[PDB]
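A.B. asks: My structure file start.pdb, PDB, C-alpha atoms (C1' of nucleotides), is below:
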```
MODEL        1
ATOM      1  CA  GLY A 422      20.892   2.691  -3.984  1.00  0.00           C
ATOM      2  CA  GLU A 423      24.228   0.893  -3.762  1.00  0.00           C
ATOM      3  CA  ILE A 424      23.845   0.195  -0.043  1.00  0.00           C
ATOM      4  CA  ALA A 425      20.348  -1.136  -0.759  1.00  0.00           C
ATOM      5  CA  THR A 426      21.814  -3.386  -3.454  1.00  0.00           C
ATOM      6  CA  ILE A 427      24.460  -4.688  -1.058  1.00  0.00           C
ATOM      7  CA  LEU A 428      21.785  -5.462   1.527  1.00  0.00           C
ATOM      8  CA  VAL A 429      19.324  -7.210  -0.813  1.00  0.00           C
ATOM      9  CA  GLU A 430      22.007  -9.199  -2.656  1.00  0.00           C
ATOM     10  CA  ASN A 431      23.872 -10.489   0.397  1.00  0.00           C
ATOM     11  CA  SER A 432      20.641 -11.694   2.095  1.00  0.00           C
ATOM     12  CA  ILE A 433      20.327  -9.258   5.016  1.00  0.00           C
ATOM     13  CA  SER A 434      17.038  -7.858   6.309  1.00  0.00           C
ATOM     14  CA  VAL A 435      16.387  -4.163   6.992  1.00  0.00           C
ATOM     15  CA  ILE A 436      12.833  -4.527   8.356  1.00  0.00           C
ATOM     16  CA  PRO A 437      12.140  -3.332  11.916  1.00  0.00           C
ATOM     17  CA  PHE A 438      10.020  -5.714  13.929  1.00  0.00           C
ATOM     18  CA  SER A 439       6.261  -6.081  14.375  1.00  0.00           C
ATOM     19  CA  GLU A 440       4.002  -5.223  17.309  1.00  0.00           C
ATOM     20  CA  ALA A 441       4.084  -8.613  19.022  1.00  0.00           C
ATOM     21  CA  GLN A 442       7.790  -8.871  18.176  1.00  0.00           C
ATOM     22  CA  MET A 443       8.306  -5.388  19.657  1.00  0.00           C
ATOM     23  CA  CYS A 444       5.946  -5.449  22.660  1.00  0.00           C
ATOM     24  CA  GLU A 445       7.923  -8.231  24.399  1.00  0.00           C
ATOM     25  CA  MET A 446      10.451  -5.698  25.712  1.00  0.00           C
ATOM     26  CA  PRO A 447      12.004  -5.017  29.115  1.00  0.00           C
ATOM     27  CA  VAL A 448      10.341  -1.791  30.213  1.00  0.00           C
ATOM     28  CA  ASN A 449      13.122   0.766  30.659  1.00  0.00           C
ATOM     29  CA  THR A 450      10.656   3.632  31.270  1.00  0.00           C
ATOM     30  CA  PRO A 451      11.593   6.788  33.219  1.00  0.00           C
ATOM     31  CA  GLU A 452       8.629   6.424  35.587  1.00  0.00           C
ATOM     32  CA  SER A 453       9.821   2.867  36.327  1.00  0.00           C
ATOM     33  CA  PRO A 454      13.235   1.798  34.999  1.00  0.00           C
ATOM     34  CA  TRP A 455      14.922  -1.548  35.536  1.00  0.00           C
ATOM     35  CA  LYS A 456      16.266  -2.606  38.924  1.00  0.00           C
ATOM     36  CA  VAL A 457      17.086  -6.017  40.295  1.00  0.00           C
ATOM     37  CA  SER A 458      14.449  -7.944  42.224  1.00  0.00           C
ATOM     38  CA  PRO A 459      16.064  -8.787  45.572  1.00  0.00           C
ATOM     39  CA  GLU A 460      15.492 -12.555  45.520  1.00  0.00           C
ATOM     40  CA  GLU A 461      17.832 -12.662  42.520  1.00  0.00           C
ATOM     41  CA  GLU A 462      20.288 -10.551  44.526  1.00  0.00           C
ATOM     42  CA  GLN A 463      20.151 -13.288  47.149  1.00  0.00           C
ATOM     43  CA  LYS A 464      20.477 -15.985  44.521  1.00  0.00           C
ATOM     44  CA  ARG A 465      23.478 -14.305  42.837  1.00  0.00           C
ATOM     45  CA  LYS A 466      26.722 -13.055  44.436  1.00  0.00           C
ATOM     46  CA  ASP A 467      27.382  -9.329  44.123  1.00  0.00           C
ATOM     47  CA  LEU A 468      30.873  -7.908  43.571  1.00  0.00           C
ATOM     48  CA  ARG A 469      30.086  -4.212  42.948  1.00  0.00           C
ATOM     49  CA  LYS A 470      31.993  -3.086  46.067  1.00  0.00           C
ATOM     50  CA  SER A 471      34.968  -5.372  46.758  1.00  0.00           C
ATOM     51  CA  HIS A 472      36.451  -5.535  43.251  1.00  0.00           C
ATOM     52  CA  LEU A 473      37.206  -3.167  40.361  1.00  0.00           C
ATOM     53  CA  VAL A 474      35.689  -3.616  36.887  1.00  0.00           C
ATOM     54  CA  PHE A 475      36.505  -1.416  33.901  1.00  0.00           C
ATOM     55  CA  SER A 476      37.089  -1.788  30.166  1.00  0.00           C
ATOM     56  CA  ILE A 477      39.054  -0.379  27.294  1.00  0.00           C
ATOM     57  CA  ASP A 478      36.841  -0.299  24.197  1.00  0.00           C
ATOM     58  CA  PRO A 479      37.051   0.851  20.540  1.00  0.00           C
ATOM     59  CA  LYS A 480      36.007   4.365  19.551  1.00  0.00           C
ATOM     60  CA  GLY A 481      32.230   4.365  19.261  1.00  0.00           C
ATOM     61  CA  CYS A 482      31.688   1.256  21.424  1.00  0.00           C
ATOM     62  CA  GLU A 483      28.034   1.933  22.209  1.00  0.00           C
ATOM     63  CA  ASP A 484      27.843  -1.737  23.272  1.00  0.00           C
ATOM     64  CA  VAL A 485      30.624  -3.341  25.315  1.00  0.00           C
ATOM     65  CA  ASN A 486      31.308  -7.053  25.545  1.00  0.00           C
ATOM     66  CA  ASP A 487      34.801  -7.404  26.986  1.00  0.00           C
ATOM     67  CA  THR A 488      35.579  -6.932  30.688  1.00  0.00           C
ATOM     68  CA  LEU A 489      38.191  -8.336  33.060  1.00  0.00           C
ATOM     69  CA  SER A 490      39.553  -7.920  36.587  1.00  0.00           C
ATOM     70  CA  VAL A 491      42.806  -8.913  38.334  1.00  0.00           C
TER      71      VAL A 491
ATOM     72  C1'   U B   1     -84.438  62.190 -38.438  1.00  0.00           C
ATOM     73  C1'   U B   2     -79.886  56.168 -38.560  1.00  0.00           C
ATOM     74  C1'   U B   3     -83.461  50.482 -35.729  1.00  0.00           C
ATOM     75  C1'   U B   4     -82.629  44.451 -35.103  1.00  0.00           C
ATOM     76  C1'   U B   5     -79.279  40.109 -34.680  1.00  0.00           C
ATOM     77  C1'   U B   6     -74.773  37.131 -35.328  1.00  0.00           C
ATOM     78  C1'   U B   7     -72.885  30.375 -28.722  1.00  0.00           C
ATOM     79  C1'   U B   8     -67.512  29.140 -26.397  1.00  0.00           C
ATOM     80  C1'   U B   9     -60.944  28.668 -23.360  1.00  0.00           C
ATOM     81  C1'   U B  10     -59.805  18.884 -25.660  1.00  0.00           C
ATOM     82  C1'   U B  11     -62.770  14.676 -23.261  1.00  0.00           C
ATOM     83  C1'   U B  12     -59.774  10.819 -20.083  1.00  0.00           C
ATOM     84  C1'   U B  13     -56.795   8.370 -15.957  1.00  0.00           C
ATOM     85  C1'   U B  14     -57.219   3.853  -9.851  1.00  0.00           C
ATOM     86  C1'   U B  15     -49.999   0.797 -15.320  1.00  0.00           C
ATOM     87  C1'   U B  16     -47.074  -5.301 -14.540  1.00  0.00           C
ATOM     88  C1'   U B  17     -41.625  -6.048 -14.974  1.00  0.00           C
ATOM     89  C1'   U B  18     -37.785 -11.764 -11.399  1.00  0.00           C
ATOM     90  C1'   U B  19     -29.915  -8.197 -12.753  1.00  0.00           C
ATOM     91  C1'   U B  20     -24.105  -7.376 -11.336  1.00  0.00           C
ATOM     92  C1'   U B  21     -16.364  -5.842 -11.896  1.00  0.00           C
ATOM     93  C1'   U B  22     -14.179  -7.115 -16.683  1.00  0.00           C
ATOM     94  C1'   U B  23     -14.922  -8.004 -22.002  1.00  0.00           C
ATOM     95  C1'   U B  24     -10.276  -9.218 -27.448  1.00  0.00           C
ATOM     96  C1'   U B  25      -3.150 -10.783 -29.639  1.00  0.00           C
ATOM     97  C1'   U B  26       2.442  -9.087 -31.498  1.00  0.00           C
ATOM     98  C1'   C B  27       8.029 -13.111 -32.723  1.00  0.00           C
ATOM     99  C1'   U B  28      13.197 -15.103 -32.051  1.00  0.00           C
ATOM    100  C1'   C B  29      16.971 -12.211 -29.022  1.00  0.00           C
ATOM    101  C1'   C B  30      26.549 -13.223 -28.616  1.00  0.00           C
ATOM    102  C1'   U B  31      26.670 -10.234 -20.829  1.00  0.00           C
ATOM    103  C1'   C B  32      34.785  -9.193 -23.317  1.00  0.00           C
ATOM    104  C1'   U B  33      39.751 -11.393 -20.371  1.00  0.00           C
ATOM    105  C1'   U B  34      45.304 -12.116 -13.451  1.00  0.00           C
ATOM    106  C1'   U B  35      43.009 -16.737 -11.324  1.00  0.00           C
ATOM    107  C1'   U B  36      42.524 -21.019  -8.451  1.00  0.00           C
ATOM    108  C1'   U B  37      37.657 -19.273  -5.983  1.00  0.00           C
ATOM    109  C1'   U B  38      39.812 -16.044  -0.571  1.00  0.00           C
ATOM    110  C1'   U B  39      38.610 -18.096   4.365  1.00  0.00           C
ATOM    111  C1'   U B  40      42.403 -18.954  11.321  1.00  0.00           C
ATOM    112  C1'   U B  41      43.103 -14.691  14.326  1.00  0.00           C
ATOM    113  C1'   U B  42      41.693 -10.198  17.626  1.00  0.00           C
ATOM    114  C1'   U B  43      39.637  -5.612  18.851  1.00  0.00           C
ATOM    115  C1'   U B  44      31.848  -3.695  17.454  1.00  0.00           C
TER     116        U B  44
ENDMDL
END
```
Let me see the structure of the file written as structure tokens.

C.D. replies:
Amino acid sequence: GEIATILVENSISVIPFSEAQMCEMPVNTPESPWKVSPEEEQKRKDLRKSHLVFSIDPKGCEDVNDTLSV
RNA sequence: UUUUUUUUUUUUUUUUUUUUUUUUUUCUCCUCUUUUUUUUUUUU
């Protein structure tokens, strides 16, 4: 009840989205997951082999932003 | 040696109809105390 009060009072929504707001999703399905279309591999410039990327991140960091490389 | 007569289960069937959830009261009402109101910053 207190958490609900804190939400309602401070103007924050707790409603999951609607069908048309859901349906517009990238399809990360097991029968066909996501993988880069090769014309965009052309158009970009890969570095997954010639350079090292890693990250320290807080405990529980289910979603990383920060990365660097020197 | 004991004849003859004294009715019985109401008659009738071939009449028209153009609405509609509910329904009808109760008054004015003293919110107690460190504050201006804090605020960059970074790790989600």

A.B. asks: Give me the result of the PyMOL selection byres ((chain A) within 9 of (chain B)) on this file, residue by residue, as a PyMOL selection string.

C.D. replies: chain A and resi 478-479+481-486

A.B. asks: So which residues touch residue 488 of chain A within 10 Å, counting only C-alpha atoms (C1' of nucleotides), skipping near sequence neighbours fewer than 6 positions away, as a PDB file with C-alpha atoms, in the frame of the given file?

C.D. replies:
```pdb
ATOM      1  CA  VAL A 474      35.689  -3.616  36.887  1.00  0.00           C
ATOM      2  CA  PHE A 475      36.505  -1.416  33.901  1.00  0.00           C
ATOM      3  CA  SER A 476      37.089  -1.788  30.166  1.00  0.00           C
ATOM      4  CA  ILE A 477      39.054  -0.379  27.294  1.00  0.00           C
ATOM      5  CA  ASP A 478      36.841  -0.299  24.197  1.00  0.00           C
TER       6      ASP A 478
END
```

A.B. asks: Atom CA of residue 487 of chain A and atom CA of residue 456 of chain A are how many Å apart?

C.D. replies: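 Spanning atom CA of residue 487 of chain A to atom CA of residue 456 of chain A is a straight-line distance of 22.6 Å.
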
A.B. asks: Quick one, how far is atom CA of residue 431 of chain A from atom CA of residue 480 of chain A?

C.D. replies: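 Interatomic distance, atom CA of residue 431 of chain A to atom CA of residue 480 of chain A: 27.1 Å.
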
A.B. asks: Could you give me the axis-aligned bounding box of segment 23-39 of chain B, with 4 Å of padding per side, as centre plus edge lengths in Å to one decimal, as lines of an AutoDock Vina configuration file?

C.D. replies:
```
center_x = 15.2
center_y = -14.5
center_z = -14.2
size_x = 68.2
size_y = 21.0
size_z = 45.1
```

A.B. asks: When you draw a straight line from atom CA of residue 467 of chain A to atom CA of residue 489 of chain A, how long is it in Å?

C.D. replies: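 Rounded to one decimal, the two atoms are 15.5 Å apart.
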
A.B. asks: Step by step: locate segment 448-485 of chain A in the block above, keep C-alpha atoms, then write the file as a PDB file, in the first residue's frame.

C.D. replies:
```pdb
ATOM      1  CA  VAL A 448      11.288 -10.595 -32.576  1.00  0.00           C
ATOM      2  CA  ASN A 449      13.844 -12.317 -30.345  1.00  0.00           C
ATOM      3  CA  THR A 450      12.238 -15.760 -30.829  1.00  0.00           C
ATOM      4  CA  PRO A 451      14.180 -19.028 -30.401  1.00  0.00           C
ATOM      5  CA  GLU A 452      13.147 -20.304 -33.840  1.00  0.00           C
ATOM      6  CA  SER A 453      14.495 -17.043 -35.313  1.00  0.00           C
ATOM      7  CA  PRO A 454      16.480 -14.719 -33.029  1.00  0.00           C
ATOM      8  CA  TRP A 455      18.116 -11.448 -34.004  1.00  0.00           C
ATOM      9  CA  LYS A 456      21.166 -11.313 -36.257  1.00  0.00           C
ATOM     10  CA  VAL A 457      22.583  -8.501 -38.323  1.00  0.00           C
ATOM     11  CA  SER A 458      21.537  -8.131 -41.951  1.00  0.00           C
ATOM     12  CA  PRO A 459      24.787  -8.105 -43.940  1.00  0.00           C
ATOM     13  CA  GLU A 460      24.238  -4.846 -45.840  1.00  0.00           C
ATOM     14  CA  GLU A 461      24.390  -3.093 -42.465  1.00  0.00           C
ATOM     15  CA  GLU A 462      27.585  -5.038 -41.744  1.00  0.00           C
ATOM     16  CA  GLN A 463      28.963  -3.520 -44.936  1.00  0.00           C
ATOM     17  CA  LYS A 464      27.658  -0.096 -44.008  1.00  0.00           C
ATOM     18  CA  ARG A 465      29.139  -0.232 -40.480  1.00  0.00           C
ATOM     19  CA  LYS A 466      32.725  -1.054 -39.427  1.00  0.00           C
ATOM     20  CA  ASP A 467      33.132  -4.125 -37.231  1.00  0.00           C
ATOM     21  CA  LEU A 468      35.668  -4.290 -34.393  1.00  0.00           C
ATOM     22  CA  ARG A 469      34.718  -7.610 -32.735  1.00  0.00           C
ATOM     23  CA  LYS A 470      38.101  -9.199 -33.547  1.00  0.00           C
ATOM     24  CA  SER A 471      40.888  -6.595 -33.505  1.00  0.00           C
ATOM     25  CA  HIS A 472      40.048  -4.842 -30.226  1.00  0.00           C
ATOM     26  CA  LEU A 473      39.011  -5.773 -26.679  1.00  0.00           C
ATOM     27  CA  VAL A 474      35.748  -4.567 -25.108  1.00  0.00           C
ATOM     28  CA  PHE A 475      34.703  -5.298 -21.531  1.00  0.00           C
ATOM     29  CA  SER A 476      32.995  -3.515 -18.643  1.00  0.00           C
ATOM     30  CA  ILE A 477      32.939  -3.270 -14.897  1.00  0.00           C
ATOM     31  CA  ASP A 478      29.338  -2.854 -13.736  1.00  0.00           C
ATOM     32  CA  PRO A 479      27.394  -2.567 -10.437  1.00  0.00           C
ATOM     33  CA  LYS A 480      26.020  -5.664  -8.722  1.00  0.00           C
ATOM     34  CA  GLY A 481      22.782  -6.561 -10.471  1.00  0.00           C
ATOM     35  CA  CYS A 482      23.556  -4.655 -13.697  1.00  0.00           C
ATOM     36  CA  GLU A 483      21.054  -6.501 -15.878  1.00  0.00           C
ATOM     37  CA  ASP A 484      21.466  -3.616 -18.356  1.00  0.00           C
ATOM     38  CA  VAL A 485      24.894  -2.146 -19.112  1.00  0.00           C
TER      39      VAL A 485
END
```
